[PDB]
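Quick setup: the structure tokens below cover two forms of a single protein chain, split into structure 1 and structure 2.
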Structure 1
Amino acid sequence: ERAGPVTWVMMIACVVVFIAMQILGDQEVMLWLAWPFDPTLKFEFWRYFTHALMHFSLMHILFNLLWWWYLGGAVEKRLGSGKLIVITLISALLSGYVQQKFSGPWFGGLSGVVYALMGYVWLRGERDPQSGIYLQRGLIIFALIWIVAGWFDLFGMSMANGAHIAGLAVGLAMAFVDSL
């Protein structure tokens, strides 16, 4: 076994975008992929999602893709590709919405999606062991530490706190729905 097609294509997409950001510069890529930052861009539908594909540091991309590979891969394997797609689209969209509302359109990263997956896998395992999916103990601890670090700004980088919490919320909400 190994990462399914959705898991894989997201990782590829993130790496391609990250390479473009090194070659072209972060600003140039943000012009194309960021959440609409002018009313002229409001119909460029991709922008409501493609903010999730941009990363600004090595630490940021590595840890997000690590979590995505593990939790995304697990969701895809056990619950199917379709489920992972829907979690991803909902969390990207809502996390982006909340972030721009609090802090404006200049943000990016897969962590809204990652927080959704953390909450989803944990709550689904908790409420519905039958599902086969759960977040084992050690990972609960490491997810908590990761969350706490963003919240209290312990990576010396400016954090997208709205994206992070909206993400988590979405994941928990979808687990709750699915566990009924």
Structure 2
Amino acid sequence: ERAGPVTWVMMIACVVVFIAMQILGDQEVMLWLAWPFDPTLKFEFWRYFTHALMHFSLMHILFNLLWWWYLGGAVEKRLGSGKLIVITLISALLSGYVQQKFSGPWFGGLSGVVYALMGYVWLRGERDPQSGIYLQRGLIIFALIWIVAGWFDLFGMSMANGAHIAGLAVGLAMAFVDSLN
């Protein structure tokens, strides 16, 4: 069993963008992919999403993609590519929105999407075991350690706590809806 198409293409894209950032510099890439940072860019619609593709350190991309691979992979395999697409688009938009509102447009990465996937997978498993989707006890512990790392600035993730809460809320809400149905 291997990662599905959405899980795989997201990982490829983040690596390619990370390479571009090392070659050209972070700023050069942000100029093109960042959330709109000037009114002249407000209708460059890719920017409301592409911020999620940028990472700012090895640790940032490593841990984001490990969680994405594991949690996104599981969602895609058990629940379908469509499910993963929607969790990803909604969490990237809302977490990105909240991030720019409080801290400005210069940010990036998949950490908001990961918070959504953590909340989704955990809650789905706690409310609906028969779904086949759940967050293993042991992995709950390491998810919490990753969360704490970002929460208390022990580990730089680009995004702020409120933005991460927004991502988490999306995952929890979708898991809640899916557990009812």
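Residues that one form lacks are left out of the comparison. Heads up, when I say rigid core I mean the largest set of C-alphas that superpose within 1.5 Å between the two forms. Throughout, residue numbering runs from 1 along the sequence of structure 1.
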property: Residue among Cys14, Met21, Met159, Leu172 with C-alpha shift of 2 Å or more between the two structures, core superposed; result: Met159
property: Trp122 CA shift between the two structures in angstrom, with the core used for superposition; result: 0.1
property: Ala149 CA shift between the two structures in angstrom, with the core used for superposition; result: 1.2
property: Stretches between the two structures where the CA atoms of at least 3 consecutive shared residues shift 2 Å or more, core fixed; result: 156-163
